[PDB]
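Since the structure comes first, as structure tokens, the remarks are kept for the end.
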Amino acid sequence: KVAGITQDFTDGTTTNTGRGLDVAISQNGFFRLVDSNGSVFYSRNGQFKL
Amino acid sequence: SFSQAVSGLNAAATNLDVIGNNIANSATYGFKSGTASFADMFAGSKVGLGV
């Protein structure tokens with residue numbers, strides 16, 4: 001029986017893109033996002049816009 | 001890549017031509033000597049783009 005899928009949470013590299021509205025975390029942490037329903041989510045992809 | 005180089009070449013060509021023009025016109029009467037004035041070019045990032 002498959003007990004579960006387990007994810008590896010090691011850090012990747014740090015690609016430089018030169019854009020203005022983007023950030024990247026270098027240690028443990030997550031950005032907190034709020035959807036339109038009200039339910040909160042946690043993420044690590046750092047491409048933001050207006 | 002080529003932007004740092006072709007802009008420097010285009011700047012130095014006009015800097016040579018404004019010297020050659022003075023060297024040619026050093027014998028006329030109502031002439032005033034010219035000089036170029038450059039300024040660097042920057043994007044929103046930190047490295048340069050030329051001149």
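Ligands are numbered from 1 in the order shown, residues from 1 within each chain, and chains are lettered A, B, ... in the order they appear in the structure tokens.
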With 12 Å as the limit and counting only C-alpha atoms, what residues in chain B lie close to chain A? Please list them as a VMD selection string.
chain B and resid 43 to 47
Tell me, as a PyMOL selection string, which residues lie within 12 Å of residue 6 (chain B), counting only C-alpha atoms; anything in the same chain fewer than 4 positions away does not count.
chain B and resi 1-2+10-13+49-51
For the selection just defined, write its residues with N, CA and C atoms to a file, as a compact mmCIF listing (two decimals), in the first residue's frame.
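Generated file (selection24.txt):
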# COMPACT_ATOMS: atom_id res chain seq x y z
N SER B 1 25.74 41.98 -24.77
CA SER B 1 27.02 41.45 -25.22
C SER B 1 27.67 42.38 -26.23
N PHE B 2 27.03 42.58 -27.37
CA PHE B 2 27.56 43.51 -28.36
C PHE B 2 27.19 44.96 -28.06
N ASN B 10 30.77 53.51 -31.78
CA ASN B 10 30.03 54.63 -32.36
C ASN B 10 30.32 55.94 -31.64
N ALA B 11 30.65 55.88 -30.35
CA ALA B 11 31.04 57.10 -29.65
C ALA B 11 32.43 57.57 -30.06
N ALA B 12 33.39 56.65 -30.15
CA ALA B 12 34.75 57.03 -30.53
C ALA B 12 34.85 57.48 -31.99
N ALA B 13 33.99 56.98 -32.88
CA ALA B 13 33.95 57.51 -34.24
C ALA B 13 33.54 58.98 -34.31
N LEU B 49 24.97 49.52 -20.14
CA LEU B 49 24.56 49.20 -21.49
C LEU B 49 25.38 49.92 -22.55
N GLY B 50 26.35 50.73 -22.17
CA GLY B 50 27.14 51.43 -23.16
C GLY B 50 27.29 52.91 -22.90
N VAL B 51 27.08 53.73 -23.94
CA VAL B 51 27.39 55.15 -23.88
C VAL B 51 26.59 55.84 -24.98
Could you give me, as a compact mmCIF listing (two decimals) with N, CA, C and O atoms, in the first residue's frame, each residue of chain A that DSSP assigns to strand (DSSP E) when run on this structure's backbone?
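The resulting result.txt:
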# COMPACT_ATOMS: atom_id res chain seq x y z
N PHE A 31 5.76 32.29 1.57
CA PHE A 31 4.88 33.44 1.41
C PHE A 31 3.46 33.00 1.67
O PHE A 31 3.06 31.90 1.27
N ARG A 32 2.69 33.88 2.29
CA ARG A 32 1.29 33.63 2.62
C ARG A 32 0.43 34.33 1.58
O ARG A 32 0.58 35.53 1.36
N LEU A 33 -0.45 33.57 0.93
CA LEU A 33 -1.32 34.11 -0.10
C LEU A 33 -2.78 33.92 0.29
O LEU A 33 -3.14 32.94 0.94
N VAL A 34 -3.62 34.86 -0.12
CA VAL A 34 -5.05 34.80 0.18
C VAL A 34 -5.80 34.80 -1.14
O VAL A 34 -5.59 35.68 -1.98
N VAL A 40 -6.51 30.53 2.96
CA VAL A 40 -5.12 30.95 2.86
C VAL A 40 -4.28 29.81 2.31
O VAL A 40 -4.59 28.63 2.48
N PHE A 41 -3.17 30.18 1.66
CA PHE A 41 -2.27 29.22 1.04
C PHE A 41 -0.84 29.64 1.31
O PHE A 41 -0.56 30.80 1.62
N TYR A 42 0.09 28.72 1.10
CA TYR A 42 1.49 29.00 1.35
C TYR A 42 2.30 28.58 0.13
O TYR A 42 2.03 27.55 -0.48
N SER A 43 3.28 29.40 -0.23
CA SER A 43 3.95 29.23 -1.51
C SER A 43 5.41 29.63 -1.43
O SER A 43 5.87 30.21 -0.45
I'd like the contact shell of region 25-38 of chain B - 9 Å cut-off, only C-alpha atoms, skipping same-chain residues fewer than 4 positions apart - returned as a list in words.
residues 11, 14, 15, 18, 19, 20, 21 and 51 of chain B
I need the chosen residues saved as a PDB file, in the first residue's frame, with N, CA and C atoms.
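Heads up, here's the output in again.pdb:
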ATOM      1  N   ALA B  11      30.647  55.884 -30.352  1.00  0.00           N
ATOM      2  CA  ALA B  11      31.039  57.102 -29.648  1.00  0.00           C
ATOM      3  C   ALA B  11      32.430  57.571 -30.062  1.00  0.00           C
ATOM      4  N   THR B  14      32.505  59.386 -33.569  1.00  0.00           N
ATOM      5  CA  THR B  14      32.136  60.798 -33.566  1.00  0.00           C
ATOM      6  C   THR B  14      33.152  61.649 -32.817  1.00  0.00           C
ATOM      7  N   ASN B  15      33.811  61.089 -31.800  1.00  0.00           N
ATOM      8  CA  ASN B  15      34.866  61.840 -31.123  1.00  0.00           C
ATOM      9  C   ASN B  15      36.076  62.081 -32.020  1.00  0.00           C
ATOM     10  N   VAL B  18      34.807  64.854 -34.764  1.00  0.00           N
ATOM     11  CA  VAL B  18      34.797  66.231 -34.269  1.00  0.00           C
ATOM     12  C   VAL B  18      36.186  66.777 -33.984  1.00  0.00           C
ATOM     13  N   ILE B  19      37.221  65.942 -33.980  1.00  0.00           N
ATOM     14  CA  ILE B  19      38.598  66.429 -33.928  1.00  0.00           C
ATOM     15  C   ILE B  19      39.119  66.712 -35.330  1.00  0.00           C
ATOM     16  N   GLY B  20      38.795  65.817 -36.263  1.00  0.00           N
ATOM     17  CA  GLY B  20      39.167  66.020 -37.653  1.00  0.00           C
ATOM     18  C   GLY B  20      38.533  67.250 -38.269  1.00  0.00           C
ATOM     19  N   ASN B  21      37.307  67.576 -37.857  1.00  0.00           N
ATOM     20  CA  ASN B  21      36.657  68.782 -38.361  1.00  0.00           C
ATOM     21  C   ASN B  21      37.368  70.048 -37.900  1.00  0.00           C
ATOM     22  N   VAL B  51      27.081  53.730 -23.937  1.00  0.00           N
ATOM     23  CA  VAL B  51      27.387  55.153 -23.878  1.00  0.00           C
ATOM     24  C   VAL B  51      26.594  55.839 -24.983  1.00  0.00           C
TER      25      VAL B  51
END
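CA of residue 28 (chain A) lies 9.3 Å from CA of residue 10 (chain A).
Between CA of residue 48 (chain A) and CA of residue 35 (chain A) the separation is 14.3 Å.
Counting only C-alpha atoms, the residue from A:39, A:45, A:9, A:4 that sits nearest to residue 24 (chain A) is A:45.
CA of residue 7 (chain B) lies 10.0 Å from CA of residue 41 (chain B).
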